[PDB]
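The next block holds one structure in the form of structure tokens; read it before the comments.
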Amino acid sequence: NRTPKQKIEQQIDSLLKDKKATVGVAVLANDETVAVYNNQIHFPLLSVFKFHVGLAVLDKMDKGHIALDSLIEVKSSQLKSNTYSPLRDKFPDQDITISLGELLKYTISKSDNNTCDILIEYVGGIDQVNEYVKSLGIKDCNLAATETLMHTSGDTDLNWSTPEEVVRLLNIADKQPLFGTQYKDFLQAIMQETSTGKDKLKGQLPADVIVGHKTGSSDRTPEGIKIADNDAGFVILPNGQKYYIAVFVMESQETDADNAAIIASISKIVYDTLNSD
């Protein structure tokens with residue numbers, strides 16, 4: 001006879017006992033934190049911060065009545081070849097015109113680094129993104145780097161959050177009228193369309209469960225330590241209710257497959273608990 005929180009907590013602790021990593025978890029449902037794990041730790045976000053960028057972009061667009069399909073010019077110089085960029089790969093060695101919506105899709109759904117940094121520049125810099133997030137009451141987070149800055153400096157600690165602040169942000173984006181409904185609908189959709197990390201939150205869930213999420217991952221050192229391996233998003237239960245989950249695997253000696261499986265196993269514990277309840 002245990003609460004959903006207690007069951008999740010117990011199962012996570014048992015799963016992680018012998019894992020060589022520091023894992024953070026938060027789960028939020030019905031405007032209430034359901035469970036946490038290592039919630040006091042400041043986790044490097046890696047590409048999870050592209051969600052925060054996207055919110056700041058949608059806010060700016062909404063304020064200006066900017067349409068999702070409106071085309072902007074992107075120079076070849078903004079589509080650098082030294083970083084992961086599915087957009088550059090598709091349209092190499094050329095200037096383009098591309099919609100803000102499509103830039104958002106490449107950033108969130110595909111994790112493109114060039115489009116991320118184009119969108120950060122659109123909003124006026126990372127400090128503007130940081131200020132936006134803090135203006136929503138998110139406290140235990142800071143965003144101080146573009147993708148470029150993290151790549152040139154190596155300082156992946158510059159964008160960090162506790163697990164709970166990420167799920168709180170996801171829930172605010174769903175619940176609050178941050179921007180017009182067309183912008184909310186688009187964000188939810190592109191979140192569902194994410195193609196990276198299908199073996200993370202989604203990895204052990206039934207195939208028909210809808211998950212909208214944003215991945216992140218760091219490099220791994222020659223000594224074998226992977227600084228970060230993350231996934232965060234929403235999961236739609238069979239009654240249509242969402243819950244929000246963030247799993248951050250930091251300073252891990254586990255393999256890539258095993259890190260993803262930690263996330264997938266935590267996600268399945270949470271899903272089965274909330275779906276049974």
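Every heavy atom of this structure was used, including side-chain atoms; hydrogens, water molecules and symmetry mates were not. One is the number of the first residue; the rest follow in order along the sequence.
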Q40 side chain to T162 side chain, donor-acceptor N/O pair below 3.5 angstrom:
no
I want to check something: taking the side chain as every heavy atom from C-beta on, are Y244 and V235 in contact at a cut-off of under 4.5 Å?
no
Quick one: does any side-chain atom of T107 pair with a main-chain N or O of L103 as donor and acceptor, under 3.5 Å?
yes
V211 versus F234: any side-chain heavy-atom pair under 4.5 Å?
no
With a 3.5 Å cut-off and no angle check, do the side chains of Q192 and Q188 form a donor-acceptor pair?
yes
Between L16, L15, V270, which is the residue that forms a side chain to side chain contact (heavy atoms under 4.5 Å, CB included) with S265?
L15
Check whether any side-chain N or O of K184 sits under 3.5 Å from a backbone N or O of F179 as a donor-acceptor pair, and report yes or no.
no
For residues 201-215, which residue pairs qualify under side-chain hydrogen bond (donor to acceptor under 3.5 Å, both in side chains), counting only residues two or more places apart or in two chains?
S111-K214, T196-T215, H213-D231
Please collect all ring-ring contact (aromatic ring centres under 6.0 Å, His included) contacts where either partner lies in residues 258-277, sequence neighbours excluded, each pair once.
none
Does the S109 side chain pair with the main chain of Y106, one donor and one acceptor, at a distance under 3.5 Å?
no
Quick one: does any side-chain atom of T221 pair with a main-chain N or O of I225 as donor and acceptor, under 3.5 Å?
yes
Are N159 and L46 packed together at the side-chain level, in the sense that at least one heavy-atom pair is separated by less than 4.5 angstrom?
no
Could I get the full list of side chain to side chain donor-acceptor pair (under 3.5 Å) partners for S195, not counting sequence neighbours?
none
Please determine if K7 and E9 form a salt bridge, counting it only when a charged side-chain N lies under 4.0 Å from a carboxylate O.
no
Does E121, at its CD atom, have more than 12 non-hydrogen atoms belonging to other residues, nucleotides or ligands within less than 6.0 Å?
no
Sub-3.5 Å donor-acceptor pair from the side chain of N230 to the main-chain atoms of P44, do we have one?
yes
Partners of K105 by side chain to side chain donor-acceptor pair (under 3.5 Å), sequence neighbours excluded?
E102
Does NZ in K139 sit with more than 12 non-hydrogen atoms of other residues, nucleotides or ligands closer than 6.0 Å?
no
Tell me whether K60 forms a cation-pi arrangement with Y122, defined as NZ or CZ under 6.0 Å from the six-membered ring centre and within 45 degrees of its axis.
yes
Could you check if a side-chain atom of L169 sits within less than 4.5 angstrom of a side-chain atom of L136, using non-hydrogen atoms only?
yes
Counting N and O atoms only, with roles assigned by atom type, does the side chain of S135 sit under 3.5 Å from a partner on the main chain of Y132, one being a donor and the other an acceptor?
yes
Donor-acceptor pairs are to be reported for all side-chain atoms of residues 84-91 against protein atoms at under 3.5 Å, with residues two or more places apart or in another chain.
from	atom 1	to	atom 2	distance (Å)
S85	OG	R88	N	3.2
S85	OG	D112	OD1	3.1
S85	OG	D112	OD2	2.9
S85	OG	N114	ND2	3.0

Are any of the side-chain heavy atoms of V23 and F248 separated by less than 4.5 Å?
no
Heavy-atom donor-acceptor pair, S70 side chain to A67 backbone, under 3.5 Å:
yes
Looking at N113 and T83, would you say the former's side chain and the latter's main chain have a donor-acceptor pair under 3.5 Å?
no
Checking side-chain polar atoms at under 3.5 Å, does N171 have a donor or acceptor matched by the opposite partner on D31?
yes
Who passes side chain to side chain donor-acceptor pair (under 3.5 Å) against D155, sequence neighbours left out?
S153
Does the side chain of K242 pick up a donor-acceptor pair with the side chain of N30 at under 3.5 Å?
no
Check this for me, if you would: do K80 and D117 make a salt bridge, where the nitrogen-to-carboxylate-oxygen distance has to be below 4.0 angstrom?
no
Checking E165 side chain against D140 main chain: does a donor-acceptor pair fall under 3.5 Å?
yes
I'd like to check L28 versus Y243 (side-chain heavy atoms, cut-off strictly below 4.5 Å). Are they in contact?
no
Electrostatic pair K50-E147, nearest N-O below 4.0 angstrom
yes
Do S217 and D229 have a side chain donor and acceptor closer than 3.5 Å?
no
Residue from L45, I41, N142, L143 passing side chain to side chain contact (heavy atoms under 4.5 Å, CB included) with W160
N142
Shortest non-hydrogen pair, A21 vs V249, comes out as CB-CG1, 3.8 Å
